[PDB]
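I have placed the structure first, in the form of structure tokens, so that the comments after it can refer back to it.
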Amino acid sequence: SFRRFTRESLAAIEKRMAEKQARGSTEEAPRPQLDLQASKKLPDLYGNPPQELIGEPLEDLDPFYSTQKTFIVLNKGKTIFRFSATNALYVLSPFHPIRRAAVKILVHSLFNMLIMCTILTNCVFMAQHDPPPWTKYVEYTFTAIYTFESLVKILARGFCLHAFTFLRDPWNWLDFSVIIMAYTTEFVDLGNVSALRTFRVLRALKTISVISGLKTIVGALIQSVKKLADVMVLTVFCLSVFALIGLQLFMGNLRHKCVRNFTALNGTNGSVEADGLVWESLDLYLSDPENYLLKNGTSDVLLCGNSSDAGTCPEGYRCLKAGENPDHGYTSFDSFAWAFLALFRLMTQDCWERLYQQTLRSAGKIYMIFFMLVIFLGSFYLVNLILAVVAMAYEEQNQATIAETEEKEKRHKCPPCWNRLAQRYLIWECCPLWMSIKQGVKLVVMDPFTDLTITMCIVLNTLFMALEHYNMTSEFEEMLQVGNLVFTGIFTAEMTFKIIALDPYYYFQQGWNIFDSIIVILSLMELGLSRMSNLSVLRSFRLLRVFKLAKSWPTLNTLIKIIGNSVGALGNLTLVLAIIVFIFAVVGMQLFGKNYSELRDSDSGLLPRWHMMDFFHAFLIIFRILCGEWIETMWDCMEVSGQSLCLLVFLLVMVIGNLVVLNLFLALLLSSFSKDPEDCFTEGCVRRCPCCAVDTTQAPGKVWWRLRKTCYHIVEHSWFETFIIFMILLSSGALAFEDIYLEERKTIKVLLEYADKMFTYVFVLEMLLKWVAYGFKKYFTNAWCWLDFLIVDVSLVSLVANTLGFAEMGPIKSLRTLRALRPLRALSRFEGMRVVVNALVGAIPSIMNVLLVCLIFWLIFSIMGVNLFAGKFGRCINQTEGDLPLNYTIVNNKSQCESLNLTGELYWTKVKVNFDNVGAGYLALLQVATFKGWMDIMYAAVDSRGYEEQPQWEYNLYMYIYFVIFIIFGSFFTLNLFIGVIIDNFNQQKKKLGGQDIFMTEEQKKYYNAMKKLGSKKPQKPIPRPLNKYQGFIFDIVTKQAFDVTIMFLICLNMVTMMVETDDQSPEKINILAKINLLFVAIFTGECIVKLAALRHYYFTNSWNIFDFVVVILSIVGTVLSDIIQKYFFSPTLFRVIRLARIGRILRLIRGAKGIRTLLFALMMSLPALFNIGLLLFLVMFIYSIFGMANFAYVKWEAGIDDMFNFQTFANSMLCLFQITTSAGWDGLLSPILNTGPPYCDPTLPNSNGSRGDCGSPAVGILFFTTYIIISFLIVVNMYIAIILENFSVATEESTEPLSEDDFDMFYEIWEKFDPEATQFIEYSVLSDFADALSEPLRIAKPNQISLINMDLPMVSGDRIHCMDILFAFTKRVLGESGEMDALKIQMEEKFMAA
Ligand SMILES: CC(C)CCC[C@@H](C)[C@H]1CC[C@H]2[C@@H]3CC=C4C[C@@H](OC(=O)CCC(=O)O)CC[C@]4(C)[C@H]3CC[C@]12C
Ligand SMILES: CC(C)CCC[C@@H](C)[C@H]1CC[C@H]2[C@@H]3CC=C4C[C@@H](OC(=O)CCC(=O)O)CC[C@]4(C)[C@H]3CC[C@]12C
Ligand SMILES: CC(C)CCC[C@@H](C)[C@H]1CC[C@H]2[C@@H]3CC=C4C[C@@H](OC(=O)CCC(=O)O)CC[C@]4(C)[C@H]3CC[C@]12C
Ligand SMILES: CC(C)CCC[C@@H](C)[C@H]1CC[C@H]2[C@@H]3CC=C4C[C@@H](OC(=O)CCC(=O)O)CC[C@]4(C)[C@H]3CC[C@]12C
Ligand SMILES: CC(C)CCC[C@@H](C)[C@H]1CC[C@H]2[C@@H]3CC=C4C[C@@H](OC(=O)CCC(=O)O)CC[C@]4(C)[C@H]3CC[C@]12C
Ligand SMILES: CC(C)CCC[C@@H](C)[C@H]1CC[C@H]2[C@@H]3CC=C4C[C@@H](OC(=O)CCC(=O)O)CC[C@]4(C)[C@H]3CC[C@]12C
Ligand SMILES: *[C@@H]1O[C@H](CO)[C@@H](O[C@@H]2O[C@H](CO)[C@@H](O)[C@H](O)[C@H]2NC(C)=O)[C@H](O)[C@H]1NC(C)=O
Ligand SMILES: *[C@@H]1O[C@H](CO)[C@@H](O)[C@H](O)[C@H]1NC(C)=O
Ligand SMILES: *[C@@H]1O[C@H](CO)[C@@H](O)[C@H](O)[C@H]1NC(C)=O
Ligand SMILES: *[C@@H]1O[C@H](CO)[C@@H](O)[C@H](O)[C@H]1NC(C)=O
């Protein structure tokens, strides 16, 4: 262009721009105008940097759409900066140094750094809660910078004058407000209301000024909620309907509790007597807290139930409805808002076992079914809908992003330059003197022989460090030191030899030699610091050598790639998430700081845990709520700082954090992706005995053939199969009567043992019959038969032990409990579970491959924890007071309080789950990674002190970092890898079989395909006209939208009528509610009667006309007739369900929805795939429950085991199994069955059965719980995958070819033109000149018409061309094979053919 601007340069366009409206003007395509936006390099025209053209305005070489008067300035980085040049009043001019200077500062990047040097410093000064008095001065300094920035920007573009001003960018005006207060509070009397100074922590958003990557990623994040639509509508609808159901059932059922026994007035007025003390009235008697009872082992209140299956409390107590609600009164069902909150808590899967147990105890066990109905509809499907929608949105965005560049692309490194001469002294390190040593070292260091050897020396070391535990003697330390020294020596020898073998110049090639160098030097320098002092965690980083297997293991490379992609390639989302967490923590602390000082009030300095008085605790609470535990802290709030603030803040942070984490997870996963039967057997050992092919003419030859034919005929009958299935079902079901009450029932044991004998009899006979039927092919080549063989063998050895009378040997009794595998025979009879078990068994190797690396990555942390927390958990306690540690002032170590054990009331004890060895470490890590029971482990860890020393309250605070790091690493990337592997394997299996799904059989295939068909339209008018007047003035209103609008208004009014319900009120509410309900029922009945003669009997179609009838009118008249009895009202439990059917009137609005219909269609699509999974899960639950019934029958009642939740009978065991199947709390069940001490168990107990003791053995319980958890996780993953696959597969419309009626118009016109008979003929010699001008372009060109001479055309008469066959071929081109519209045309031609 030019070196500098001239005054007359812009005149040529200024004299013409203003006349565009009249002279300039007298196909628009609004486009980005060939890219060329700000903050980009964009080398496209020249591609060569200028010499000294930096920091000057340019002539705006750009399309006129974005030129006007603006100009572009570039920096040394060629950053495009646009500035519109217009008059700014005063004496200012676009060509004046006061603007040249501002532009030159704005374009330059230096002051950019300045900004980044300021705000981060602010982020430190803002994190203090007790600032020093002198920091005020520093505050001014900060302001004295920020305003500067704003000033320069104004000087470049203007304030708000013409265009492209400082206030046109959305990100700009945010800083404006930051300036306001920066000059306001200094010179104004502050308002009466304080705590407004928390606005300052919004300038952290200014961090989005670091780079454009933050801006584009924020735009990407915000460009997903618009796609995410109507899914929240469906979620709100489901939550509302479930809350409405829940209100009608458990209303006022959370106040039940039992009080001590009453006594009559005993004369006088208003005087209730009890144990010699008199109370004034009933209100003041039922409200005193002393008159209640506490559940044993906990500081809570017991609840009663009047039903036969709701529990009770001991004698001397009667249960009534009085008092306040449990948990400070924030959980209840009295009103709609609390019910909504409880249902939302149930959706999130927060601590819901508490509410589960409370509701079950108060109302009854039979109500558990209700919970079974919510989880399946609230815990999985809505979450999966959200997941699938966001995944589709992200995939579409990435597809568009890559397609943009795909379309677009089609259409020095030596700063010092002084070390090169040093290379003249390098490389040639062999020196002029010759040596044969180098050749020898090069030869001996050869990969396929020595390298494997070194690998061995790495594995054993990993085991050698694994030998760390409690209570060793000096020998173990000696061996550990010797082994460590030997391994370090061998490593240093390898290094020294390798560097001599391969020249130092080539040594640093891939960086793994660098890794070896740093690990060797670190190990040596750690070995050097081994004296009396300087002892620390000497593992340091020598555990890193475990990763050196990366060469030999092609699986850990994927984990390394994922970890690497977590930084750099996708390194901006982590920054955004960190910024969000930081700002949320700071705002929470600022808001809720000075409201926790009143919560101690005891023990002279006992501060409750999880507070917000400091930055660290706020960060911990933010991390915890991100993990998925928020209700407990919300309860701690809302009683010290208000109720309408914590709710909003917590909901906002939860939503934002979950969205960000989920998007990061998806992005990382996608990046990581980037007739004789066979006689005996084959021709094997037959060379020794060809004794089968013998004379078949005599009896010895014919008998075997006849018998085998007979057996083949016998096994083929269906009656035999049904008999066997019935026997299997009965045998499986007969094991439910083995509870603790079997001894009392004298007349059931004999029947049970007779059945036990008969089952084995029939099974052995059946097995032998099949054994003689087929041959030796089965039981040895078929997979299914081996299981039956093994079970029959177990039963056979059991029966031979029983019959011989030697069943009192001992370990023989162990096989008796192994009968719980009997129900497993039903895994091959129904088609059913066969497909799902096949799919599950076809994926084992991938699971093993992932499991190996998982165990290694947890073993490293187990070793670290074993070192760091060895023997720091013991404490001695006073038995009478309970299980609380005393103090450090009196008792300090074990010796002191073992010397104080004079009267026999001090007991030393250690936590159930600890870190005393590697196995306990594995158990603790499994407990932590599932977020169940981690609180006790964390509390013990923080409470730690010296070796076997008594704990000190919060002595080692900074040990939360280890657990935070573990949760970040081991619970996120391993999950990503597992999900990716499973998805890859499942998709590969899907591609292998073909275009057919896996979890479906033939019958379900037929149903799926048949009901998939869509498209059925029939808007006929079968409306008679007895008199056009009377019906003609109403049917017009019927057709208009006014009718349906009034209908939805009536539905909404009914919804708001059912809105208002609470506990007992005055009758004036009840009467009004009943009157409104009656009016709405009346209007609905009238509405349904308006049908009358409007549609006659022609309305019985697929439309929603039977649904509303049968759901609304029959149910409402039934309920109202049940209510008008007016004689008596017994069994209110049998009364609420009657009016529960009124909720069916709220489900009619779906008919007029938009996407809810499609999502319900997805439900209907998916159900068959979930049926089989449910069947398999139920079978697994049954077998595990019957197995567990026989081991934990007489365990002590403590912690998570109560009288209503135990293993003493079938129903309670099933309830516990349902509770645990979602990993909803199993520490409380594992703890009681783990203890084995005389302080907590009595080995001598008068058990009703021939057994001793009161507690079991953990060695079986640990396996019992672990295997069940693993199996449940694996099955739930399969359900998840099937649901999402179906949901994102049904998102398609395509075309079903429904338009075929308007096809014969052209043919009718042609016939009317030439011959109206539909049987005419044509000739190509005339066609080539006749078929030239045709409208409705459904025809072909003239050359293409000639090719139709021998294209599906019979030859009749003198080589004439049949028109009807041409019509059939033409209609067959699109869909002429089956239909309802073209079928009439084909039938018309066929009928014309007849005559
Ligand atoms: C830039 C964003 C993404 C992260 C910002 C977080 C850190 C840069 C901040 C948060 C808390 C800050 C700490 C808060 C408190 C202290 C103690 C302070 O000195 C004291 O010990 C003061 C004692 C007292 O509190 O009275 C020195 C700074 C330091 C370490 C701060 C250093 C900077 C920290 C780690
Ligand atoms: C205390 C008060 C004054 C705070 C007010 C803040 C909002 C007015 C700001 C803060 C963040 C801004 C958003 C940050 C990022 C973007 C992306 C940006 O995307 C684009 O430029 C793409 C084109 C388009 O979205 O139309 C559009 C503006 C928007 C939504 C901004 C709109 C204005 C927002 C909401
Ligand atoms: C980063 C920011 C934007 C997060 C959101 C903060 C505000 C929405 C919060 C911070 C302080 C809050 C206020 C703190 C104290 C009170 C007093 C409280 O009751 C009174 O004492 C009312 C007295 C009156 O109205 O005169 C009513 C809510 C209110 C105004 C709060 C309203 C909500 C506020 C402004
Ligand atoms: C905290 C300490 C004790 C352990 C972790 C230290 C890491 C921050 C450093 C140490 C060694 C570094 C590695 C040393 C050498 C290289 C080779 C280097 O290779 C290249 O530059 C070329 C890559 C290619 O071949 O394509 C890539 C980075 C990498 C793996 C480095 C990645 C970062 C590492 C692991
Ligand atoms: C490693 C990540 C996960 C920490 C996340 C929070 C950090 C940004 C902040 C929160 C509180 C900060 C601590 C607050 C006070 C101290 C005390 C003081 O250190 C000590 O007295 C020695 C103990 C140590 O440095 O670990 C200075 C650093 C430290 C640990 C700070 C280090 C940085 C911490 C952990
Ligand atoms: C890198 C991988 C392989 C493991 C990561 C583990 C870290 C999260 C651990 C290892 C060493 C730990 C540190 C080891 C020692 C200390 C000193 C400790 O200080 C006290 O106990 C002070 C109390 C007092 O003596 O008065 C506080 C925890 C801290 C910083 C630990 C914080 C957590 C660390 C960094
Ligand atoms: C352990 O608990 C017992 C029971 O509370 C404490 O004994 C109390 O004090 C003396 C003995 O110290 C007894 O005579 C009293 O009967 C007990 N109760 C009360 C209310 O005083 C005992 O002191 C506790 N501590 C130790 C170390 O034994
Ligand atoms: C109940 O007794 C009180 C106190 O003696 C008395 O004032 C009151 O009138 C009595 N109420 C009756 C008798 O209804
Ligand atoms: C503690 O309460 C439980 C609850 O069932 C009861 O069984 C037990 O007997 C109580 N303990 C004592 C010592 O009475
Ligand atoms: C306590 O009251 C209940 C109420 O049903 C009664 O059954 C029981 O006998 C009473 N017990 C005593 C000791 O008064």
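Don't worry about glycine lacking a Cβ; one is built from the backbone with ideal geometry, like all the others, and counts go over all protein chains shown. Every read-out reported here was derived from the displayed coordinates using simple, explicitly stated rules and does not represent laboratory data.
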Counting each DSSP H run of 4 or more residues in the chain as -39500 (n - 2.57), what helix-only mean residue ellipticity at 222 nm follows after dividing by all residues, to the nearest 500 deg cm²/dmol?
-16000 deg cm²/dmol
Filtered hits (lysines, Cα-Cα < 21 Å from residue 561, offset >= 8 within chain) -> 548, 551
Roughly what would the spin-label model give for residue 1171 and residue 1153, points 7 Å off Cα along C-beta, in nm?
2.4
Two-site FRET efficiency, residue 502 against residue 892, from Cβ-Cβ distance with R₀ of 56 Å, rounded to 0.05:
0.40
Integer Hz, Karplus 6.51/-1.76/1.60 couplings in order for region 848-854, x for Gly and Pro:
5, 4, 5, 5, 4, 5, 4
Counting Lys +1, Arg +1, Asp -1, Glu -1, what net charge surrounds residue 1005 among other residues with beta carbon under 13 Å of its beta carbon?
-2
Counting pairs of Cα atoms in region 1154-1296, how many percent are more than 19 Å apart?
61
Two-site FRET efficiency, residue 719 against residue 1063, from Cβ-Cβ distance with R₀ of 60 Å, rounded to 0.05
0.50
Could you give the distance between the Cα centres of region 34-54 and region 1144-1191, to the whole Å?
60
15 Å reach of a label modelled at residue 796, 7 Å along Cα-to-Cβ, counting backbone N of region 755-769
760-769
Any idea what Rg and Dmax come out to for region 1224-1345 if you just take the C-alpha atoms, in Å?
41.0, 113
Can you tally the net charge around residue 897? Count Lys and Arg as +1, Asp and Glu as -1, for every other residue whose Cβ sits under 12 Å from the Cβ of residue 897.
-2
So, with points 7 Å from each Cα along the Cβ direction, the residue 154-residue 695 label distance in nm works out to 12.5
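Over 20 Å between Cα atoms, which of 41/76; 226/1013; 746/1196; 226/1040; 1021/1391 qualify? Working shown, then result.
Numbers: 41/76 11 Å; 226/1013 30 Å; 746/1196 27 Å; 226/1040 32 Å; 1021/1391 29 Å.
Over 20 Å Cα-Cα: 226/1013; 746/1196; 226/1040; 1021/1391.
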If neighbour count is taken as other Cβ atoms inside 10 Å, put 250, 931, 1033 in order from fewest to most.
1033, 931, 250
What is the fewest-to-most order of 636, 614 by other Cβ atoms lying within 10 Å of their Cβ?
614, 636
Neighbour-count ranking for 279, 134 (other C-beta within 10 angstrom, fewest to most) reads 134, 279
With a 10 Å radius around each residue's Cβ, average the other Cβ atoms per peptide and rank 1160-1168, 806-814, highest first.
1160-1168, 806-814
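At a Förster distance of 35 Å, what's the computed FRET efficiency of residue 1248 paired with residue 755, Cβ-Cβ distance as r, to 0.05?
That pair, residue 1248 with residue 755, gives E of 0.90.
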If each part is reduced to its alpha-carbon centroid, region 495-572 and region 163-182 end up apart, in Å, by 50
The farthest towards the positive end of the charge dipole of region 1070-1210, of the residues 1122, 1169, 1133, given +1 on Cβ of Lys and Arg and -1 on Cβ of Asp and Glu, is 1122
Net charge around residue 513, counting only other residues with Cβ within less than 15 Å of its Cβ (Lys, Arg = +1; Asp, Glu = -1)?
-1
Dipole magnitude of the chain about its Cα centre (Cβ charges: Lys, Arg +1; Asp, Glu -1), debye to nearest 20
2300
If you put +1 on each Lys and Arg Cβ and -1 on each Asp and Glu Cβ, how big is the dipole of region 445-600 around its Cα centre, in Debye rounded to 20?
560
Between region 786-862 and region 1019-1073, what's the alpha-carbon centroid distance in Å?
62
Could you name the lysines in cross-link range of residue 257, using Cα to Cα under 16 Å and dropping any fewer than eight places away on the same chain?
295, 321
Pick out, from 1235, 433, 582, the residue whose Cα sits farthest towards the positive end of the charge dipole of the chain, with +1 on the Cβ of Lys and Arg and -1 on the Cβ of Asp and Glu.
433
Have a look at 889, 378, 781 and report the one farthest towards the positive end of the charge dipole of the chain, computed about the Cα centre with Cβ charges (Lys/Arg +1, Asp/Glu -1).
781
Using Stokes-Einstein with the Kirkwood hydrodynamic radius over Cα pairs, what translational diffusion coefficient do you get for the chain at 4 °C and a viscosity of 1.567 mPa s, in µm²/s rounded to a whole number?
31
Taking only the alpha carbons of region 434-547, what extent do you get along each of the three principal axes, in Å, biggest first?
55, 28, 26
Residues of region 1077-1114 with amide N under 17 Å of the 7 Å Cα→Cβ point at residue 1027
1093-1094
In terms of Cα to Cα distance under 16 Å, which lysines are near enough to residue 990, apart from those fewer than 8 places away along the same chain?
1005
Phi angles of region 219-228, converted by Karplus (6.51 cos²θ - 1.76 cosθ + 1.60, θ = phi - 60°) into ³J(HN,Hα) in whole Hz with x for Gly and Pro, give x, 4, 4, 6, 8, 9, 5, 4, 5, 6
Report the extension gain between residue 1104 and residue 1329 in nm, rounded to one decimal, defined as 0.36 nm multiplied by the number of residues separating them, less their alpha carbon distance.
75.4 nm
Rounded to two decimals, what is the ratio between the C-alpha radius of gyration of region 344-498 and 2.2 N^0.38 Å?
2.24
Given the Cα-Cα distance of residue 348 and residue 232 and 0.36 nm per residue of separation, how much length would full extension add, in nm?
40.3 nm
Output ordering of 974-982, 887-895 (per-residue mean of other Cβ within 10 Å, highest first) is 974-982, 887-895
